[PDB]
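Step one of this worksheet: look at the structure below.
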Amino acid sequence: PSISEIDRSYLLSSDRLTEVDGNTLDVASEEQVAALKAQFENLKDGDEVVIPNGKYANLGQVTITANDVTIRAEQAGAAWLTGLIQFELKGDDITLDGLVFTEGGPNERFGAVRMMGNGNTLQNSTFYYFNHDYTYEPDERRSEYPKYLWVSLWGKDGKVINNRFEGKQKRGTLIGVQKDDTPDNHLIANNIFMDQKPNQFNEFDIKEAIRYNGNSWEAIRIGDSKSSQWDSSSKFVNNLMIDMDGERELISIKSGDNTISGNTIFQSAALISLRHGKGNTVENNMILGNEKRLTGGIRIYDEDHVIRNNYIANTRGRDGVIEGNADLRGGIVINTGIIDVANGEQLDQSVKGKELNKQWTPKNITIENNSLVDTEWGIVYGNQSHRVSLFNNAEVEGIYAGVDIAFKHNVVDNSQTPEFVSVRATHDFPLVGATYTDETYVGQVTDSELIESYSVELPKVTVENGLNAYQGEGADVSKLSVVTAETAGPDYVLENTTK
């Protein structure tokens with residue numbers, strides 16, 4: 001298909017995929033489940049457990065202390081682990097391969113797979129609507145629903161590769177990186193993520209609790225506010241994401257030196273979010289909104305990031321549905337923050353109101369060689385108000401615009417619908433120290449007098465592999481390719497699943 005014609009059937013198609021029919025699998029008896037669990041916890045270093053085709057309910061807490069072990073399905077996709085389970089991987093160099101988690105839920109809130117050792121790997125595995133069997137009630141303190149993860153990484157050199165993460169529809173990030181003060185060097189690559197979405201269980205009906213119950217539905221969170229001033233050096237690369245609509249943050253980066261690159265993000269009403277931490281790079285992504293409401297590209301806080309050679313097309317919408325969370329959408333959004341970074345101010349846990357979980361005004365951001373095509377809101381200069389916290393609805397006083405934002409060789413092409421806003425500048429929050437080199441903006445530009453110069457004539461346009469290529473400007477199409485099931489996700493698809 002051409003870009004506009006892409007659909008999930010196309011993205012999910014590959015001749016390499018085997019079909020596994022769950023209705024051919026026998027249900028293991030309680031004695032068989034117990035015997036399998038003993039195999040797991042009795043492993044010697046270097047051994048392997050091959051799980052016979054079948055469905056194994058309620059394995060519960062499975063602690064692997066052995067090093068250099070593999071737990072794999074006899075046939076990939078044909079060992080279905082249902083009811084409550086958590087693999088707590090404590091040894092090093094443990095690989096889980098070919099497993100299915102469905103019709104059940106995590107035995108503990110940090111996931112079905114707690115990757116605690118070093119060199120741990122989760123590969124060729126499928127989660128299918130693993131939202132069940134755990135208590136899920138608004139708490140007494142503030143009617144907050146519990147956050148459950150599917151996978152967490154707590155060690156070093158983790159790999160989460162060639163999996164399928166489908167249908168996360170209760171609160172909590174899908175993959176969480178729980179890090180310390182040194183780099184982690186995790187690789188989250190070549191996975192398929194589909195159909196994460198919130199408010200399937202009326203959670204938003206408790207109106208007073210919506211700003212926090214509507215948060216923590218990310219596909220991945222890399223770090224956290226406390227650890228955000230350290231490098232993770234992790235990679236979220238070459239993934240395929242389809243209808244990932246959890247919350248304003250699709251990928252929430254909360255640490256430094258990360259790479260969020262080469263992903264295809266299709267019809268996902270959620271943004272790449274540089275939320276805390278410095279020096280992250282977002283490059284060569286294909287963000288295909290396909291005219292879906294509240295799609296968008298990248299939102300930016302904090303310092304030293306590089307946003308380069310992304311292709312962001314057919315995105316729609318500006319204002320998220322939940323107020324008070326600075327949920328301002330577009331192709332590339334330069335957020336306001338609450339600190340005077342132009343005068344060297346930092347977030348600092350010691351300073352009341354400017355703690356590490358607050359909003360670090362962006363500074364020293366390079367935004368270069370991006371192509372934004374038919375984006376209803378293209379490059380958006382922020383004007384958000386910020387509240388004290390997700391729990392305290394008072395408005396913060398003292399709001400600051402991005403500083404030292406360098407724009408070079410971007411193309412924002414709204415030639416098709418020039419009433420769309422290619423660049424949303426605003427006198428309410430003028431960027432400080434912004435620079436413009438060979439920018440091309442076609443379509444509406446608000447408060448345009450704030451921008452030193454730009455061209456309104458497109459360079460020669462050609463189409464290469466269905467992408468628009470702009471002569472000498474914008475995203476180099478030779479660095480771009482659509483990720484499909486040809487390389488992403490496991491080597492099988494499942495039949496006779498149940499949500």
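Starting from 1 in every chain, residues are counted up; chains themselves are A, B, ... following the order of the structure tokens, and ligands are numbered from 1 as listed.
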Contacts of residue 40 of chain A within 12 Å, only C-alpha atoms, excl. fewer than 6 positions in-chain, as a PyMOL selection string
chain A and resi 33-34+47-51+59-66+69-72+87-89+94+96
So that I can check the surroundings of residue 360 of chain A, please list as a ChimeraX atom specification every protein, DNA and RNA residue that reaches within 12 Å of it, counting only C-alpha atoms and ignoring chain neighbours fewer than 2 positions away.
/A:225,228-229,254,274-278,300-304,334-342,344-348,353-358,362-363,386,399-403
Can you list, as a list in words, every protein, DNA or RNA residue that comes within 6 Å of segment 444-454 of chain A when you count only C-alpha atoms, leaving out same-chain residues fewer than 5 positions away?
residues 419, 420, 421, 422, 423, 424, 425, 426 and 439 of chain A
Check the DSSP output for the backbone and give back, as a ChimeraX atom specification, the residues of segment 400-449 of chain A in strand (DSSP E or B).
/A:400,403-408,411-413,421-424,432,435-437,440-442,444-446
Just-selected residues, C-alpha atoms written as a PDB file, in the first residue's frame:
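The resulting again-v4.pdb:
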ATOM      1  CA  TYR A 400       8.676  29.636  31.057  1.00  0.00           C
ATOM      2  CA  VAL A 403      15.216  28.150  25.524  1.00  0.00           C
ATOM      3  CA  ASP A 404      17.967  27.747  22.826  1.00  0.00           C
ATOM      4  CA  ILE A 405      15.703  25.740  20.492  1.00  0.00           C
ATOM      5  CA  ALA A 406      17.594  25.312  17.150  1.00  0.00           C
ATOM      6  CA  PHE A 407      15.388  24.491  14.128  1.00  0.00           C
ATOM      7  CA  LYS A 408      17.191  23.423  10.899  1.00  0.00           C
ATOM      8  CA  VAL A 411       9.681  20.809   6.275  1.00  0.00           C
ATOM      9  CA  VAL A 412       6.111  21.293   7.505  1.00  0.00           C
ATOM     10  CA  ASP A 413       3.989  20.547   4.479  1.00  0.00           C
ATOM     11  CA  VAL A 421      -1.421  25.171  11.626  1.00  0.00           C
ATOM     12  CA  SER A 422       2.075  24.301  10.447  1.00  0.00           C
ATOM     13  CA  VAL A 423       3.818  26.266  13.229  1.00  0.00           C
ATOM     14  CA  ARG A 424       1.969  27.470  16.343  1.00  0.00           C
ATOM     15  CA  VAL A 432      14.105  32.491  24.081  1.00  0.00           C
ATOM     16  CA  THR A 435      17.286  29.899  15.753  1.00  0.00           C
ATOM     17  CA  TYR A 436      16.008  29.065  12.266  1.00  0.00           C
ATOM     18  CA  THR A 437      18.152  27.665   9.428  1.00  0.00           C
ATOM     19  CA  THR A 440      10.113  25.507   5.126  1.00  0.00           C
ATOM     20  CA  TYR A 441       6.583  26.007   6.533  1.00  0.00           C
ATOM     21  CA  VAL A 442       3.618  25.719   4.206  1.00  0.00           C
ATOM     22  CA  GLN A 444      -0.847  28.642   8.712  1.00  0.00           C
ATOM     23  CA  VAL A 445       1.837  30.087  10.993  1.00  0.00           C
ATOM     24  CA  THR A 446       0.461  31.798  14.152  1.00  0.00           C
TER      25      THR A 446
END
